[PDB]
Amino acid sequence: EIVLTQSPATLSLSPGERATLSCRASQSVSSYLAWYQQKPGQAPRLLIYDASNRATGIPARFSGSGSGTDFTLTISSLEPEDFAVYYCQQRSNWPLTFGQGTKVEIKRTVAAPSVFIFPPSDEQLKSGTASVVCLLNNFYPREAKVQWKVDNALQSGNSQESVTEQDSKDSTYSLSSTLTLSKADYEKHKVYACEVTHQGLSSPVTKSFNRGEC
Amino acid sequence: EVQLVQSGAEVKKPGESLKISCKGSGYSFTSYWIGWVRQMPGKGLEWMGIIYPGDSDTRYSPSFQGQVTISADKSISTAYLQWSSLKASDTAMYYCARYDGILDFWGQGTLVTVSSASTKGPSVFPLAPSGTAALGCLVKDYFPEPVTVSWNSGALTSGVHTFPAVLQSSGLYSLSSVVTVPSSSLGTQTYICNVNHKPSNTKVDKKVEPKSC
């Protein structure tokens, strides 16, 4: 089977910049290569067919070239609607295969997260589990490290996080991390801390609380 | 107008059977190949196979050969993708698409969730605040997706982030919704999160305010 390798994994560019995306095939596919665009919760949308031909409705800012094993999609100047995931697909041989996607993300000025820590509620504790939550609000770029500390002990494997889609108004991200421990474990310790490492922060920021105090 | 319409989302248990559908209109269904595509959560596209509804000529991608059955009922312009025994790993969004040789038209997708977990409504806990404050709601231990969360019955939309849910090891989802507000407002303005988890018919309104001592 023909393996399509896409690069870069993530393009960060500002509206107006030129986007250049690559698709490399494990053997020649001739000119039988399509590009698709996908926004979250939506079906993929055909942009380019047979390597260089615009599908109907597709604006002139989209173009492609390449044949054989090397292909490039170009968006000459990025519009707000162009930030999404782009897939290549080969139609040369069976099975039909796709690249693993390139995400085109909006670059803006770096912004440091505002960090907020939340103790578990008394109601939650009543039933035997503790969720300590940490919020990192309105930051760019996406990459951030949350490090949980319980009495200075670096915590690992007992947290989960998720990240909002890039904001349509100011192009930032927000991230929520939850530390989960048993009620019994929560009650052994004093200091619960969320340490945030981010490019927007000169040095890591820590927010904490002491269990049961105001 | 040419369109592919896929059947609704599905929530299933390992070992159950499932047949999802794709109906074509605005064209002669027997003249175009229909393919099925699998997209697993947070991942890329995979071609599953293809069928010509005119004669039910079917070809499977090698990875899917013998994992699923692709079929078509031409008398009603419908193609199908079925499993006789589902696994948790079958959890994915599934697209159908009209394949023209001489992939212009795609279905809207059918989300398929396969889990051993069972329907359960969330408990909603406060994320209490301590000139910008943050406060919110922790919507914990529910299945399946989705929950909806609004703040003050829709009157508060600015500065609200409702996070994508995380799937816990227990098989239940957990989600947080937060908002940032002026600190001076904390004693005067009311903040209530309105949570609803239709699948379990659990509706909750939680007032959030500074925890006193």
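Just so it is clear, none of the values below were taken in a lab; they were calculated from the coordinates. Virtual Cβ from ideal backbone geometry, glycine too; neighbours counted across all protein chains shown.
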remark   = Residue separation between A:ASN152 and A:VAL3 times 0.36 nm, minus their alpha-carbon distance, gives in nm 49.0 nm
task = Give the distance, in whole Å, between the Cα centre of the range A:150-174 and the Cα centre of the range A:38-91.
result = 31
inquiry  = Out of the trypsin sites (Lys or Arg not before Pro) in the range B:38-92, which ones are loop residues according to DSSP with at most 14 other C-beta atoms within 10 Å?
reply    = B:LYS43, B:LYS87
request  = Rounded to the nearest 500, what is the 222 nm mean residue ellipticity of the protein assembly as shown from helices alone, with -39500 (n - 2.57) per DSSP H run of 4+ residues and division by all residues?
outcome  = -500 deg cm²/dmol
